[PDB]
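There are 2 protein chains.
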Amino acid sequence: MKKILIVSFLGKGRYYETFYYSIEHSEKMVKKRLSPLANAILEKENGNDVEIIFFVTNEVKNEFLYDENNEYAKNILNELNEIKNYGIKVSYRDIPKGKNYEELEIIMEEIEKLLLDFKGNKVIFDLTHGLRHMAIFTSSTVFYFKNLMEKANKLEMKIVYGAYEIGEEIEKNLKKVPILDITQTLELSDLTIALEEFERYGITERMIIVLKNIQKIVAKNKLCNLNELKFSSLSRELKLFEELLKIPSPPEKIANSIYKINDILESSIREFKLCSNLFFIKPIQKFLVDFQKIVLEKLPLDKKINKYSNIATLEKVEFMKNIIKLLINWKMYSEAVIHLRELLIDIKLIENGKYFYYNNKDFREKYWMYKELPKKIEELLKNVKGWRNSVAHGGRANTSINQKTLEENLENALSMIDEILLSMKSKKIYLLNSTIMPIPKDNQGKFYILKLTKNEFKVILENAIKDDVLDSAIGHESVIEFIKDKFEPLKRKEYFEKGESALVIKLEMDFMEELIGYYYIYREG
Amino acid sequence: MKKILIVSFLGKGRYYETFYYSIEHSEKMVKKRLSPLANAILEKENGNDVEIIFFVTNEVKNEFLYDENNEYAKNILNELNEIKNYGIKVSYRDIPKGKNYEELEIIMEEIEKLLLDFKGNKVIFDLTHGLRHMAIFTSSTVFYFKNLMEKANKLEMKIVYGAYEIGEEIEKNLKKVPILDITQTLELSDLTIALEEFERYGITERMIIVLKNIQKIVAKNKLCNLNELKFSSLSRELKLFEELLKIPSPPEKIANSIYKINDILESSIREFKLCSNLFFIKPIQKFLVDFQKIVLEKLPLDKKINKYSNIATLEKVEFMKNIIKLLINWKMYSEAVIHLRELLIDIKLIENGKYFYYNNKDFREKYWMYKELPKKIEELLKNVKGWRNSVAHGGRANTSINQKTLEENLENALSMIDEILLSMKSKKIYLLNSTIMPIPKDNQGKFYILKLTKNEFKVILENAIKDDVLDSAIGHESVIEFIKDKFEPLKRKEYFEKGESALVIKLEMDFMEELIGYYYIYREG
């Protein structure tokens, strides 16, 4: 059971008898004079607690209602008196006619105080009766009232009215009138609110709430199924994406989240296309189209990054370039600086070929500190290090910076990184088949090893193939069988000099599928 | 000159002749039949380009308008024909009656396409004529239309209508009717939009725009003056505050910005109180009250911090504690971690008495690295350093963290810092009167010096006074005269051992006012 308040006005009129039905359920028709009474009856038949409050004016009640020789007035009076028999609560509230902005302010205060004093679950504005003036003003003010009382009462709010001008006419002056429900117009502007919030700041609160509401209302009528709706999944993924961005995280999870967002977005849009109605379909289709526009605009896609999670590549460099640009756009400056540092680390790993230890931090530091392109990269390094510590150290000791000069410095970094990225367009690498450290017998050694995936394996393998720098050392045959069966020189010779890099694999083939590239190995000593 | 589009419906009716006036200017009255025509005339008398578009239905125009034996219909037809003589552009647009949600969607599309095809400056929805149905639906949908076309047309939008039900009656069926302007209801919910944005994220865009609009509309009627309105100043200060928070900055500027915000807020509220109207005063008074509530809630005040900008104190520690709590609340996690590091630096400076060099960074680092309370502070240090580098280094090398464990760690730091702050409740300090380095003649020396303000001078001076640790060395008399005349032992003896700390001042007294405490001096060698 829910507790419910119906708010209507009450103006001079003929108040003909009407067959009100909810346009959702044309089955239940209630023949009454007041639309609020019909709505109250439809709600008490749902086992709820319902109360109606009318706003009357002195000009109306001591000139129309209690005029005993106005047939329409006594008709509506008799109905207002028999309202109490159905189990519904009726009361009256004096207001002015609203002839100026001061009186309209008074009316706003009256409605606002009523909503504050309501202690139930739902409130319905029934705009059927009263002045056209009052109906228009209330319709305009309802959204303000909801936004006001989001943090006040936690109250559900509906806007309905009997659209008697579009009602069927069954007998003389007798009309079949639908109680239209325009409450969907309230959360029509919340859509654009979410759009601005995400487009300018990347905030998902409005987006998550709106998506949950959208999935509810598309689940109203069950013609549309799941396995491709997954708006719950899309809202959860947006939550994860915000947690990943405002808390800095590796490029792999960010690229995966962007790929997931794109996949779920297009899948859910295609699914939603086939649902033919009972509410406003077009605005939310426009909403999804606009959100897909912004997603494909501001979120950089690279569908095939997740396959290189253990190393540092140039694709990750450009991806983080676009990510930092996005972070700057959303005014997320600190996170942008933090990501820039690691992007520079990755670039110098690429430029120095030390990219095996993108999962080791001691190496990251040791080359955080210790032929022109080296000189240009040093140019960029010195530029960036010239201003990073103002952001990093919080500006203490008289060394802070405004947004203008920070924007200056960030676009400096952007320009130089795009420069050197466009400008960046192979020792002996043996080929092994097991995890080993065979050092020459006269050596006194330090060795690094890293787990890999199959794609990286293939890439560096053909790099060794067609740079003449491959010293292949496969000793048996079925290895080559799987090599050409999967990946598209059997020099069976036993040595590892400090510095040489090599590749490894350890164990028809379907069973196997049920490891194929890993354990890249290099002697730093 | 502006280009203007008036949009109205056109329904069956008697269309009596009416004296329309703008309620702002009751001087100009226009006697016509259609409120849109009166509005168009009032706008062309302003030297603008005006066009009216009516939405008619087949049921209305081929059953009412061109019925040549309906007197009201031919009256309104003659007026619609003479509209072209005033220099105004009239056109018709077919729509359904809107008997269901599909047809209402159609109507929304029609209005939306009209607003997209408009290439002028202003659009006015005149809700005087047409169905009550259509007026209600349009009034509800206008805010959605504005939010939609914020990024589409950059179009000013007004909602007006002739409130003929509240019009004076001057002669038989002849009414003096005001064209009411409820456009202020559109930007009534934008107020709460700004409130949520600031209260949950600290975004000032909506706040700045709303404050600028507020100052415009309070400048409509000039009863309220400046020197205490300064809503322009408040918007600028909010912009500065956001730039100070999302780009980490010293506590001094943050405390100054909070003090400025509070001062301008209360000053502007008191000033706004005296303006008696022409628009809705109450909602924006509620807006200012709510924003002051949130300001005094989430922004910690300390009116008397700016006086200690050169040193590190405990007040700054608690202030930054509250600031980091606020940063956590606004989901600004990276900036919160960065501020926490410097707060810990300040705490250990307090605990080790090395607080002279809050404006020197080498010292900050050298004690960033190198009796129980020391042990508890080391507890907190080790805790915080155990997880800072996950945030600092971007989570590379498989060392990231979710929001849940980061919240865990941040509240760990919060609890321990409040602990040790509650738990924290003096060598020989000579007194000098000039900048000097007199080392004993047998010494081989390094000396630090810092400019100060007068309040810090007074504080440490009485600390030396009543800890018995003052070796005062004032050699002459007028120094003591100014000492007791301003601040409320003349041991004229010449030495500075490495480690002793001392105070200095250099040059009736009003002229002077037109330096009083500075150059605190200490030998680290």
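Read top to bottom, the protein sequences are chains B and B'. A prime marks a further copy of an entry chain. Read in order, the letters of the first sequence are residues 1 to 276, 281 to 374, 384 to 438, 444 to 462, 464 to 507, 511 to 516, 518 to 530, 544 to 550, 553 to 563 in the entry's author numbering. Read in order, the letters of the second sequence are residues 1 to 276, 281 to 374, 384 to 438, 444 to 462, 464 to 507, 511 to 516, 518 to 530, 544 to 550, 553 to 563 in the entry's author numbering. Ideal Cβ placement from N, Cα and C applies to all residues, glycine included.
With a threshold of 8 Å between beta-carbons, can residue i be considered close to chain B, or not?
i               : result
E271(B')        : no
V7(B')          : no
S452(B')        : no
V123(B')        : no
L419(B')        : yes
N411(B')        : yes
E165(B')        : yes
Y337(B')        : yes
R132(B')        : yes
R368(B')        : yes
residue 378(B') : There are no coordinates for residue 378(B') in this structure, because the numbering of chain B' runs from 374 directly to 384.
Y560(B')        : no
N147(B')        : yes
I447(B')        : no
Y201(B')        : yes
Since residue i is in the alpha helix (DSSP H), which residue starts that stretch and which ends it?
i        : result
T128(B)  : No alpha helix (DSSP H) holds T128(B); DSSP gives it neither H nor E.
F519(B)  : First-last for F519(B): undefined, no H or E at that position.
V299(B)  : 286-302
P251(B)  : 251-273
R236(B') : 231-246
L174(B') : Premise fails: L174(B') lies in the beta strand (DSSP E), 174-181, not in any alpha helix (DSSP H).
Can you check which of these residues, the options, is closest to residue i by C-alpha distance?
i        : options                                : result
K122(B)  : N58(B), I52(B), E71(B), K308(B)        : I52(B)
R561(B)  : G98(B), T453(B), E27(B)                : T453(B)
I4(B')   : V142(B'), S91(B'), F118(B'), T18(B')   : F118(B')
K32(B')  : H25(B'), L42(B'), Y20(B'), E24(B')     : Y20(B')
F143(B') : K97(B), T192(B), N153(B)               : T192(B)
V160(B)  : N451(B'), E156(B'), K172(B'), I136(B') : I136(B')
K515(B)  : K503(B), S140(B), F506(B), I493(B)     : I493(B)
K311(B') : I327(B'), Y259(B'), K290(B'), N326(B') : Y259(B')
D181(B') : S140(B), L155(B), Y164(B)              : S140(B)
At a CB-CB cut-off below 8 Å, which residues of chain B' make contact with residue i?
i       : result
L282(B) : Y101
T141(B) : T185, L188
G13(B)  : Under the 8 Å cutoff, chain B' gives no residues; its nearest Cβ is about 12 Å from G13(B).
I159(B) : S140
Inspect the beta-carbon positions of residue i and residue j and report whether they are closer than 8 Å.
i        : j        : result
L265(B') : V299(B') : yes
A40(B)   : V50(B)   : yes
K352(B)  : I390(B)  : yes
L114(B)  : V60(B)   : no
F323(B)  : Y467(B)  : no
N314(B') : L471(B') : yes
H129(B') : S8(B')   : yes
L526(B') : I247(B)  : no
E339(B)  : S338(B') : yes
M429(B') : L393(B') : yes
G555(B') : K446(B') : no
Whose Cβ in chain B' lies nearer than 9 Å to the Cβ of residue i?
i       : result
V404(B) : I247, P248, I342
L127(B) : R132, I136
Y362(B) : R409, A410
I want to see whether chain B' comes within less than 8 Å of residue i, judged by CB atoms only; does it?
i       : result
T472(B) : no
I209(B) : no
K286(B) : yes
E301(B) : no
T192(B) : yes
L480(B) : no
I457(B) : no
Verify the contact flag: residue i, CB atom, against every heavy atom of the ligand FMN, threshold strictly below 7 Å.
i       : result
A340(B) : Summarising the ligand content, the structure contains no ligands, and the ligand FMN is consequently not present.
Which residues in chain B sit within 9 Å of residue i, going by Cβ to Cβ distance?
i        : result
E346(B') : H406, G407, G408, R409
Since residue i meets chain B', which of its residues come closer than 7 Å, beta carbon to beta carbon?
i       : result
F137(B) : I182
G98(B)  : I166
Against residue i, what residues of chain B qualify as contacts under a CB-to-CB distance less than 7 Å, listed in chain order?
i        : result
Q416(B') : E243, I247
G399(B') : Per Cβ cutoff of 7 Å: no residues; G399(B') is ~15 Å from chain B at best.
Hey, quick one: how far does the beta strand (DSSP E) through residue i stretch, first residue to last?
i        : result
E168(B') : 168-171
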